[PDB]
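Take a look at the structure set out below.
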Number of protein chains: 2
Amino acid sequence: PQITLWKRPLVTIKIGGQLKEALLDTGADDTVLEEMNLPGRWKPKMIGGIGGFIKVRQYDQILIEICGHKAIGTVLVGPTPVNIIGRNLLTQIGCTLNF
Amino acid sequence: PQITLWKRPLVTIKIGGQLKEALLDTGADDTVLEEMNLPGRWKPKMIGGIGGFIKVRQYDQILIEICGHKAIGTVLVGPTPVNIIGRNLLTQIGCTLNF
Ligand SMILES: CCOP(=O)(COc1ccc(C[C@H](NC(=O)O[C@H]2CO[C@H]3OCC[C@H]32)[C@H](O)CN(CC(CC)CC)S(=O)(=O)c2ccc([C@H](C)O)cc2)cc1)OCC
């Protein structure tokens with residue numbers, strides 16, 4: 001679709017078989033989700049944002065469906081204030097900015 | 001233009017008479033710029049993201065030109081690690097997400 005920006009670009013995603021709401025975030029290199037139970041092995045990772053760095057769990061090659069588009073890639077889990085879909089997955093679903 | 005997301009969506013802006021590089025950021029409600037001494041009155045604010053909060057100065061009705069498209073709105077100034085163009089200005093230049 002075409003998504004305007006008068007409101008937050010919130011979408012439904014499906015991950016680990018459950019539905020969640022997430023923000024499409026072009027300013028994010030990486031996809032970061034709030035604390036959740038995900039199957040599979042993970043490694044500790046650190047990621048930095050506007051306020052400094054946080055500890056996350058890095059899950060590789062995870063299946064995620066974003067508004068009905070399939071992606072497979074890295075998902076970070078940790079104390080983000082909001083679930084964010086970053087560029088690593090936006091590129092897989094063919095997202096561009098246009099103006 | 002059309003901006004793909006393989007790399008950070010960095011563009012040149014003009015603000016307070018100066019040229020800067022900034023990120024087109026659909027995950028940001030508001031625009032946040034690197035420390036700059038802008039004329040005019042401001043109000044203090046705290047803004048939060050990954051890692052916590054930072055203290056900024058809120059300036060109203062600031063003109064910014066983004067790739068030659070003019071926008072007017074609120075800008076937050078402070079020690080952000082990157083210049084962020086948020087939705088308050090992206091909507092003015094007609095920016096959409098498309099996939
Ligand atoms: C030189 C680089 O330095 P660092 O690595 C960090 O640099 C940065 C720092 C921030 C960004 C942009 C931000 N992306 C981000 O956090 O992305 C994460 C994931 O992927 C990583 O890629 C880039 C960073 C990592 C978000 O797009 C926008 N944010 C919203 C929230 C949603 C609420 C995100 C959770 S917000 O900026 O917090 C914010 C908060 C309030 C407001 C006003 C109030 O509306 C405006 C903006 C990009 C690069 O320094 C580490 C110390």
Side-chain angles (χ1 to χ4, degrees), chain A residues 3 5-6 8-11 13 20-36 44 46-54 56-60 62 64 66 71 73-92 95 97, chain B residues 3 5-11 13 15 20 22-35 42 44-54 56-60 62 64 66 71 73-92 95 97:
Chain A
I3 293 179
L5 294 168
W6 303 99
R8 290 173 182 158
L10 294 167
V11 302
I13 63 178
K20 293 176 159 308
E21 179 172 278
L23 183 73
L24 304 172
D25 189 351
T26 56
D29 302 346
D30 307 302
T31 291
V32 191
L33 310 179
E34 302 175 298
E35 179 58 42
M36 68 179 296
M46 303 271 301
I47 197 166
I50 201 178
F53 279 86
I54 66 172
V56 295
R57 310 202 310 277
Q58 180 177 339
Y59 296 81
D60 284 331
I62 297 286
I64 176 174
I66 304 155
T74 298
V75 171
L76 312 178
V77 178
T80 179
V82 177
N83 294 327
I84 59 182
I85 308 309
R87 291 189 300 97
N88 73 302
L89 299 182
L90 298 169
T91 57
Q92 297 200 14
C95 194
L97 291 166
Chain B
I3 302 180
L5 294 168
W6 294 114
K7 302 78 82 179
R8 289 185 178 229
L10 290 171
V11 299
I13 66 172
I15 171 169
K20 307 210 148 314
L23 200 64
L24 301 176
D25 190 355
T26 65
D29 299 339
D30 312 290
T31 292
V32 189
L33 297 182
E34 64 185 275
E35 183 56 53
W42 51 266
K45 198 179 180 201
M46 271 176 75
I47 61 169
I50 281 166
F53 285 74
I54 65 167
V56 299
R57 305 187 310 280
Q58 180 188 332
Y59 296 81
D60 291 338
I62 301 298
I64 306 193
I66 300 147
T74 294
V75 175
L76 314 171
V77 176
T80 175
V82 59
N83 292 312
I84 297 165
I85 309 304
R87 293 186 296 99
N88 74 307
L89 306 187
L90 297 170
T91 53
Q92 299 188 32
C95 185
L97 283 171

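In each ligand, atom 1 is the first atom listed, and ligand 1 is the first ligand listed. Proteins get letters first, then strands, A, B, ... in listed order; numbering begins at 1 in each.
Shortest contact from atom 52 (C) of ligand 1 to any protein heavy atom: A/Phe53 CE1, 3.2 Å. For atom 41 (C) of ligand 1, the closest non-hydrogen atom on the protein side is B/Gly48 O, 3.7 Å. From the protein, the heavy atom lying nearest to atom 10 (C) of ligand 1 is A/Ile50 N, 3.8 Å. Of all protein heavy atoms, the one closest to atom 28 (C) of ligand 1 is B/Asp25 OD2, 3.2 Å. Looking at atom 50 (O) of ligand 1, its nearest protein heavy atom turns out to be A/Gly49 O, 4.0 Å. Among protein heavy atoms, the minimum distance from atom 8 (C) of ligand 1 is reached at B/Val82 CG1, 4.0 Å. Nearest protein heavy-atom neighbour of atom 22 (O) of ligand 1: A/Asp29 N, 3.0 Å. Here the protein heavy atom with the shortest distance to atom 7 (O) of ligand 1 is B/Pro81 CG, 3.8 Å.
At a heavy-atom distance under 4.0 Å, atoms from both the backbone and the side chain of A/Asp30 approach ligand 1. With a heavy-atom cut-off of 4.0 Å, B/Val32 touches ligand 1 through its side chain alone. Only the side chain of B/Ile84 comes within 4.0 Å of ligand 1, counting heavy atoms alone; its backbone N, CA, C and O stay farther away. Using a 4.0 Å cut-off between heavy atoms, B/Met46 makes no contact with ligand 1 at all. The part of A/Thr80 lying near ligand 1 is the side chain, judged by heavy-atom distances below 4.0 Å. For A/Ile47, every heavy-atom contact with ligand 1 shorter than 4.0 Å involves the side chain, none the backbone.
To the nearest 0.5 angstrom, B/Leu90 atom CG is 5.0 Å from B/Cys95 atom SG. Distance check, rounded to the nearest 0.5 Å: CD1 of B/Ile85 to CG of B/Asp30 gives 11.5 Å. Taken from CG in A/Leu89 to OG1 in A/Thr91, the straight-line distance is 7.0 Å, to the nearest 0.5 Å.
The shortest heavy-atom distance from A/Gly86 to ligand 1 is not under 4.0 Å.
Near B/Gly27, with a cut-off below 4.0 Å to any heavy atom, the atoms of ligand 1 are 30 (C), 32 (C). Each of the atoms 23 (C), 49 (C) of ligand 1 lies under 4.0 Å from some heavy atom of B/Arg8. Those atoms of ligand 1 that come under 4.0 Å of a heavy atom in A/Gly52, given as number and element, are 52 (C). The distance from ligand 1 to the heavy atoms of B/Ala28 drops below 4.0 Å at these ligand atoms: 46 (C), 47 (C).
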Working note: A/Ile54 + A/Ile47, criterion side-chain contact (heavy atoms from CB on, under 4.5 Å); need CA distance, chi angles, decisive distance, verdict. CA-CA 6 Å; A/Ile54 66 172; A/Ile47 197 166; 3.7 Å; yes
Take B/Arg8 and A/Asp29 through the test side-chain contact (heavy atoms from CB on, under 4.5 Å) and record every step on the way to the result. CA-CA 7 Å; B/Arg8 289 185 178 229; A/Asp29 302 346; 3.2 Å; yes
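Under the side-chain contact (heavy atoms from CB on, under 4.5 Å) criterion, B/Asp25 pairs with A/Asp25, A/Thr26, B/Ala28, B/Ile84, not counting sequence neighbours. Residues forming a side-chain contact (heavy atoms from CB on, under 4.5 Å) with A/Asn83 (at least two apart in sequence, or on another chain): A/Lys20, A/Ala22, A/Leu33, A/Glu34.
Minimum heavy-atom separation, B/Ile50 to A/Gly48: CG2-C, 4.2 Å. The two residues A/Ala71 and A/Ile66 come nearest to each other via the heavy atoms CB-CD1, 4.3 Å. Between B/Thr80 and B/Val82, the closest heavy-atom pair is OG1-O, 2.8 Å.
Under a 3.5 Å cut-off, the side chain of B/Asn88 and the backbone N or O of B/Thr74 do form a donor-acceptor pair. At distances below 3.5 Å, at least one donor-acceptor pair connects side-chain atoms of B/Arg87 with backbone N or O atoms of A/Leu5.
At a 3.5 angstrom cut-off on N or O pairs, B/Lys45 does not count as close to ligand 1.
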